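**Q** I am attaching a structure below and will ask some questions about it afterwards.
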Amino acid sequence: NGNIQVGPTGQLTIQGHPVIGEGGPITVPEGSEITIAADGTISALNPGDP
Amino acid sequence: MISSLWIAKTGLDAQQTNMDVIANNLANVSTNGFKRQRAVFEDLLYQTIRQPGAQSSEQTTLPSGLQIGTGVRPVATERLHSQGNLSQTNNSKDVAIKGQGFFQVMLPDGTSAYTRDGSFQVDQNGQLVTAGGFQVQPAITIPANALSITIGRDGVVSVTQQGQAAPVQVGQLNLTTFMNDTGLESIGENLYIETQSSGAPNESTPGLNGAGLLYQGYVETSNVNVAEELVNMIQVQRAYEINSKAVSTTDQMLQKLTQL
Amino acid sequence: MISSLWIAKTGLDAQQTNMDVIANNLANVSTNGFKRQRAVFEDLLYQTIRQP
Amino acid sequence: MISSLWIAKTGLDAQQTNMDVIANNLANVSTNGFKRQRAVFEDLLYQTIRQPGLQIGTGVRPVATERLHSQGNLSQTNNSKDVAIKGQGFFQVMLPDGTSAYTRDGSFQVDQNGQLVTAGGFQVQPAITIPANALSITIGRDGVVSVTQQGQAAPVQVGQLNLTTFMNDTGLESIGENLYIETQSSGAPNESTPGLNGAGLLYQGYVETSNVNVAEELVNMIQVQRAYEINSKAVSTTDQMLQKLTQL
């Protein structure tokens, strides 16, 4: 199930289970347009900034 | 109800607005001191979807993602403040501006507007007023038994009385110039009111600082070029037809989606 | 129904007024003590969709 | 019975309301001084299901239609009795029962004993009594109605056409025949002379046409038809699902 949701504090959870990356569970910069590449690279864009 | 239909609606609205601009320019061909308008359009929103520049494959970025855009919106209509052709009517009261100045007129409510139409009249009290009855500034007053009125190229006004071989100056007609002439708000009746985007009124007598020179017996005709208007008709019609074709295609797609 | 239609309709009335003035001026060529007419036009309403 | 029939029924009713608004806008495309209507849809209550988080909708319901009070185009009537308004303002017209309504249709007539009345015959206040032997009626920009008589070289002042301005023009109650009455959402009718205190000017010989744009109505009709078809399909799907359930 690849339906990933972003928590209020930026934790990536699938069905309430915190997703685990190469360094453990992922902490996303609170509020960000997450883009996942073809191999799993996560890019975060913060609102307002360029 | 569907995105393509909203985009086509915006396109139809833009082309319609272009048609209103064309029709307004055409209706005022015979208007003295009229300036033709041109509308400017801009792109509407662009849905981000795939972000262009986001890193795919750790070391390769994604160029030019899905920037799905919405329709079009008109930015603003800008007047073309150019010198209209001068027409000779052989009248003592018609004044034409050849440069970049405006006449100042007082509305009876207290404020002042600015007009370029130079067809002036005299009220029952002898004041120089506009054809709509608005009293031009300054309140140049003309004597009762006037034989000839001479408005010079420097804006000076002289009246030739009987028994006096020397004309007597009865006023001084000034021109108002602005930093930005497109920012004046047109209120109709060939009148512009000053806005904050048009700076502040700069008084200057005709011939110095840039104010134009005043010609007597001439009127500044409208600068509307009509063949350009006809060519713009042809486009404003095809573009509207093509946008309606897009509406029809979206309608057919939705109809087949519904019928299944 | 369409604003452009109304604007053209007025323009047509204005040009018809000009034509009538010209015709009246030409009809009175041989009359003594006649003063030819001349029509003056002005801008109608201005819709302020976006305030300048 | 819990089902999705009601949710799609609300959708059908909303599309019906939108189509009624569109048809009303199109039918009044020839009325003088008519403001187009737009219906605002805003959804119903939500039912929340608690986990050991999710909210299911119920449908859509019309809330309130707004009349667009933009200045319509002017049309030339060549009648000296017709006046159009340049700006925001309303003519005050006295109904027979005694309460004063407010109209923007500027097509007026003179009744059998003087008096300026609307097309429906209701008197325009203040009482502006036109003399019988009047040669020409002139209504100025600032609402001064002057009357010329044969002989006298000066026009005679008869009355002032005052404009009633509301702070909220949308909240007036449309009573029917091109008349609005003040309401709690459009209170404090402010009487003013035309040209001051934000009141509009008067053009004599012109009438203010309707505000209905045509392209919006036609494309909105297309959208309403297609959304109605979609909701009908949803109703049919729910019907088939219930039919399959009952046959067990």
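Numbering starts fresh at 1 for the residues of each chain in the structure tokens, the chains themselves are lettered A, B, ... in the order given, and ligands are numbered from 1 as they appear.
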Give me the residues near range 32-46 of chain A as a short mmCIF file (atom, residue, chain, number, x, y, z; two decimals) with N, CA and C atoms, in the first residue's frame, where near means some atom within 10 Å (using only C-alpha atoms) and where sequence neighbours in that chain fewer than 5 positions away do not count.
**A**
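Output contents, as saved in result.cif:
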```
data_model
loop_
_atom_site.label_atom_id
_atom_site.label_comp_id
_atom_site.auth_asym_id
_atom_site.auth_seq_id
_atom_site.Cartn_x
_atom_site.Cartn_y
_atom_site.Cartn_z
N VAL A 6 1.13 12.44 5.37
CA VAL A 6 2.04 13.29 6.14
C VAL A 6 1.34 13.68 7.43
N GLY A 10 5.14 16.15 10.48
CA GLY A 10 5.99 15.80 9.37
C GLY A 10 6.44 14.36 9.28
N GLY A 21 13.11 4.75 6.16
CA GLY A 21 14.05 4.94 5.08
C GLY A 21 15.40 4.31 5.39
N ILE A 26 11.20 8.65 8.69
CA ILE A 26 11.48 9.87 7.95
C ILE A 26 10.82 11.05 8.65
N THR B 48 0.57 22.61 -10.46
CA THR B 48 1.95 22.15 -10.33
C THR B 48 2.14 20.69 -10.72
N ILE B 49 1.28 19.79 -10.22
CA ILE B 49 1.42 18.35 -10.43
C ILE B 49 2.87 17.93 -10.19
N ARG B 50 3.51 17.35 -11.19
CA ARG B 50 4.93 17.05 -11.11
C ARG B 50 5.74 18.34 -11.11
N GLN B 51 6.55 18.53 -10.07
CA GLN B 51 7.29 19.77 -9.92
C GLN B 51 8.51 19.77 -10.83
N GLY B 53 12.10 20.36 -11.70
CA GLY B 53 13.30 20.63 -10.94
C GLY B 53 13.49 19.65 -9.80
N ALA B 54 12.43 18.94 -9.44
CA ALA B 54 12.51 17.94 -8.39
C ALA B 54 13.43 16.80 -8.82
N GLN B 55 14.21 16.33 -7.85
CA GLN B 55 15.24 15.31 -8.16
C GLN B 55 14.63 13.93 -8.34
N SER B 56 14.80 13.35 -9.52
CA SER B 56 14.40 11.94 -9.71
C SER B 56 15.70 11.15 -9.58
N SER B 57 15.64 9.83 -9.48
CA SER B 57 16.89 9.03 -9.52
C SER B 57 18.06 9.66 -8.76
N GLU B 58 17.84 10.27 -7.60
CA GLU B 58 18.94 10.81 -6.73
C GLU B 58 19.87 11.80 -7.44
N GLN B 59 20.30 11.54 -8.68
CA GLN B 59 21.29 12.46 -9.30
C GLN B 59 20.77 13.05 -10.61
N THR B 60 19.53 12.75 -11.01
CA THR B 60 18.94 13.33 -12.21
C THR B 60 17.69 14.10 -11.83
N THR B 61 17.62 15.35 -12.27
CA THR B 61 16.45 16.19 -12.03
C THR B 61 15.40 15.98 -13.12
N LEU B 62 14.18 16.42 -12.83
CA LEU B 62 13.08 16.29 -13.77
C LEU B 62 12.84 17.64 -14.45
#
```
**Q** Residues of chain B within 6 Å of chain C, counting only C-alpha atoms, what are they? List them as a compact mmCIF listing (two decimals) with N, CA and C atoms, in the first residue's frame.
**A**
```txt
# COMPACT_ATOMS: atom_id res chain seq x y z
N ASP B 20 -15.55 44.00 -27.26
CA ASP B 20 -16.03 45.25 -26.66
C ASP B 20 -15.04 46.38 -26.87
N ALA B 23 -15.44 47.51 -30.46
CA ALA B 23 -16.69 48.23 -30.67
C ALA B 23 -16.65 49.62 -30.04
N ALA B 27 -17.21 53.05 -32.13
CA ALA B 27 -18.31 53.96 -31.85
C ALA B 27 -17.84 55.40 -31.64
N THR B 31 -15.70 61.11 -32.43
CA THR B 31 -15.52 61.87 -31.21
C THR B 31 -14.20 62.64 -31.25
N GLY B 188 -16.21 59.25 -18.87
CA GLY B 188 -17.13 59.65 -19.91
C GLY B 188 -17.12 61.16 -20.11
N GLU B 189 -17.91 61.59 -21.10
CA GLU B 189 -18.04 63.01 -21.43
C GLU B 189 -16.69 63.62 -21.79
N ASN B 190 -15.80 62.79 -22.33
CA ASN B 190 -14.44 63.19 -22.70
C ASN B 190 -13.67 63.75 -21.51
```
**Q** Determine, counting only C-alpha atoms, which protein, DNA and RNA residues have an atom within 8 Å of an atom of residue 217 in chain D; residues of the same chain fewer than 6 positions away are not included. Present the result as a ChimeraX atom specification.
**A** /D:22,25-26
**Q** Those selected residues, please, written with C-alpha atoms and delivered as a compact mmCIF listing (two decimals), in the first residue's frame.
**A**
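Below is the file again12.txt, written as the result:
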```txt
# COMPACT_ATOMS: atom_id res chain seq x y z
CA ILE D 22 -30.14 30.57 -15.78
CA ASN D 25 -31.52 35.38 -16.37
CA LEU D 26 -32.18 34.57 -20.03
```
**Q** Could you pull out all residues of range 15-184 of chain B with a DSSP call of alpha helix (DSSP H) and give them as a compact mmCIF listing (two decimals) with N, CA and C atoms, in the first residue's frame?
**A**
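Writing the result to selection-v9.txt gives the following:
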```txt
# COMPACT_ATOMS: atom_id res chain seq x y z
N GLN B 15 -11.94 36.90 -25.56
CA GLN B 15 -12.24 37.33 -26.92
C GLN B 15 -13.43 38.28 -26.96
N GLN B 16 -14.43 38.04 -26.11
CA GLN B 16 -15.55 38.96 -26.01
C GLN B 16 -15.09 40.34 -25.56
N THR B 17 -14.21 40.39 -24.55
CA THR B 17 -13.69 41.67 -24.08
C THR B 17 -12.93 42.39 -25.18
N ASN B 18 -12.16 41.64 -25.98
CA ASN B 18 -11.52 42.24 -27.15
C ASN B 18 -12.56 42.83 -28.10
N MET B 19 -13.68 42.12 -28.29
CA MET B 19 -14.74 42.65 -29.14
C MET B 19 -15.35 43.93 -28.58
N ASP B 20 -15.55 44.00 -27.26
CA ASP B 20 -16.03 45.25 -26.66
C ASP B 20 -15.04 46.38 -26.87
N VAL B 21 -13.74 46.10 -26.73
CA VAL B 21 -12.74 47.14 -26.97
C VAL B 21 -12.83 47.64 -28.41
N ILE B 22 -12.96 46.72 -29.36
CA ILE B 22 -13.05 47.11 -30.77
C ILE B 22 -14.30 47.94 -31.01
N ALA B 23 -15.44 47.51 -30.46
CA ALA B 23 -16.69 48.23 -30.67
C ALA B 23 -16.65 49.62 -30.04
N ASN B 24 -16.05 49.74 -28.85
CA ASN B 24 -15.91 51.05 -28.22
C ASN B 24 -15.01 51.96 -29.04
N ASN B 25 -13.92 51.42 -29.59
CA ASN B 25 -13.07 52.23 -30.46
C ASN B 25 -13.83 52.69 -31.70
N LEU B 26 -14.65 51.81 -32.28
CA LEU B 26 -15.38 52.16 -33.49
C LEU B 26 -16.49 53.17 -33.24
N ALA B 27 -17.21 53.05 -32.13
CA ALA B 27 -18.31 53.96 -31.85
C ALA B 27 -17.84 55.40 -31.64
```
**Q** Could you please tell me, as a PyMOL selection string, which residues of chain D have an atom within 12 Å of chain B when using only C-alpha atoms?
**A** chain D and resi 15+73+86-87+140-142+193-199+201+203+213-234+236
**Q** Output C-alpha atoms of each residue in that selection to a file, as an mmCIF file, in the first residue's frame.
**A**
```
data_model
loop_
_atom_site.group_PDB
_atom_site.id
_atom_site.type_symbol
_atom_site.label_atom_id
_atom_site.label_comp_id
_atom_site.auth_asym_id
_atom_site.auth_seq_id
_atom_site.Cartn_x
_atom_site.Cartn_y
_atom_site.Cartn_z
ATOM 1 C CA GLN D 15 -28.773 21.485 -10.864
ATOM 2 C CA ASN D 73 -25.241 49.334 -20.791
ATOM 3 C CA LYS D 86 -24.748 56.346 -14.115
ATOM 4 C CA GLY D 87 -23.463 54.842 -10.890
ATOM 5 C CA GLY D 140 -30.725 67.581 -15.541
ATOM 6 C CA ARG D 141 -27.727 65.534 -14.492
ATOM 7 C CA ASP D 142 -28.334 66.429 -10.825
ATOM 8 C CA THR D 193 -29.412 64.239 -4.565
ATOM 9 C CA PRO D 194 -27.919 62.606 -7.692
ATOM 10 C CA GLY D 195 -24.223 63.405 -7.927
ATOM 11 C CA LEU D 196 -23.296 63.782 -4.253
ATOM 12 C CA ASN D 197 -22.686 61.395 -1.342
ATOM 13 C CA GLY D 198 -21.904 58.576 -3.768
ATOM 14 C CA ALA D 199 -25.183 58.890 -5.669
ATOM 15 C CA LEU D 201 -25.846 60.787 -12.217
ATOM 16 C CA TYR D 203 -28.823 60.573 -18.336
ATOM 17 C CA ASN D 213 -24.116 38.165 -20.199
ATOM 18 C CA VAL D 214 -25.040 35.505 -22.739
ATOM 19 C CA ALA D 215 -21.958 33.264 -23.078
ATOM 20 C CA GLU D 216 -21.879 32.528 -19.346
ATOM 21 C CA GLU D 217 -25.527 31.426 -19.433
ATOM 22 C CA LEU D 218 -25.091 29.116 -22.437
ATOM 23 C CA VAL D 219 -21.966 27.375 -21.158
ATOM 24 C CA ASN D 220 -23.553 27.138 -17.703
ATOM 25 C CA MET D 221 -26.554 25.470 -19.347
ATOM 26 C CA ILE D 222 -24.174 22.946 -20.905
ATOM 27 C CA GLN D 223 -22.593 22.261 -17.500
ATOM 28 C CA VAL D 224 -25.988 21.963 -15.788
ATOM 29 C CA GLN D 225 -27.249 19.490 -18.393
ATOM 30 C CA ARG D 226 -24.152 17.312 -18.147
ATOM 31 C CA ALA D 227 -24.048 17.346 -14.330
ATOM 32 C CA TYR D 228 -27.756 16.466 -14.285
ATOM 33 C CA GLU D 229 -26.980 13.499 -16.540
ATOM 34 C CA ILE D 230 -24.145 12.467 -14.202
ATOM 35 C CA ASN D 231 -26.399 12.583 -11.135
ATOM 36 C CA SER D 232 -29.089 10.621 -12.988
ATOM 37 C CA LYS D 233 -26.488 7.948 -13.767
ATOM 38 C CA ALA D 234 -25.535 7.829 -10.077
ATOM 39 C CA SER D 236 -29.496 4.539 -11.659
#
```
**Q** Which distance in Å separates CA of residue 159 in chain D and CA of residue 88 in chain D, to one decimal?
**A**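 CA of residue 159 in chain D sits 21.0 Å away from CA of residue 88 in chain D.
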**Q** In terms of the shortest atom-to-atom distance over only C-alpha atoms, which of C:29, C:21, C:36, C:1 is closest to chain D?
**A** C:1
**Q** Pick out the residues sitting within 10 Å of residue 192 in chain D, and hand them over as number ranges by chain; count only C-alpha atoms, and ignore anything fewer than 5 positions along from it in its own chain.
**A** D: 89, 161-165, 197-200
**Q** Excluding residue 188 in chain D and residues on its chain fewer than 5 positions from it, collect all residues at most 12 Å away from it, counting only C-alpha atoms, and give them as a list in words.
**A**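 So, after excluding close chain neighbours, the residues are residues 164, 165, 166, 167, 168, 169, 171, 172, 181, 182 and 183 of chain D.
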**Q** Report as JSON, numbers by chain: the residues of range 22-220 of chain D with a DSSP assignment of strand (DSSP E), based on the backbone of this structure.
**A** {"D": [37, 38, 39, 40, 41, 42, 43, 47, 48, 49, 54, 55, 56, 60, 61, 62, 63, 64, 65, 66, 67, 74, 75, 76, 83, 84, 85, 86, 90, 91, 92, 93, 94, 100, 101, 102, 103, 108, 109, 110, 111, 114, 115, 116, 117, 118, 123, 124, 134, 135, 136, 137, 138, 139, 144, 145, 146, 147, 148, 149, 156, 157, 158, 159, 160, 163, 164, 165, 173, 174, 180, 181, 190, 191, 192, 201, 202, 203, 204, 206, 207, 208]}
**Q** Given the choices B:228, B:94, B:194, B:42, which gets closest to residue 150 in chain B if the distance is worked out from only C-alpha atoms?
**A**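 Of B:228, B:94, B:194, B:42, the one nearest residue 150 in chain B is B:94, counting only C-alpha atoms.
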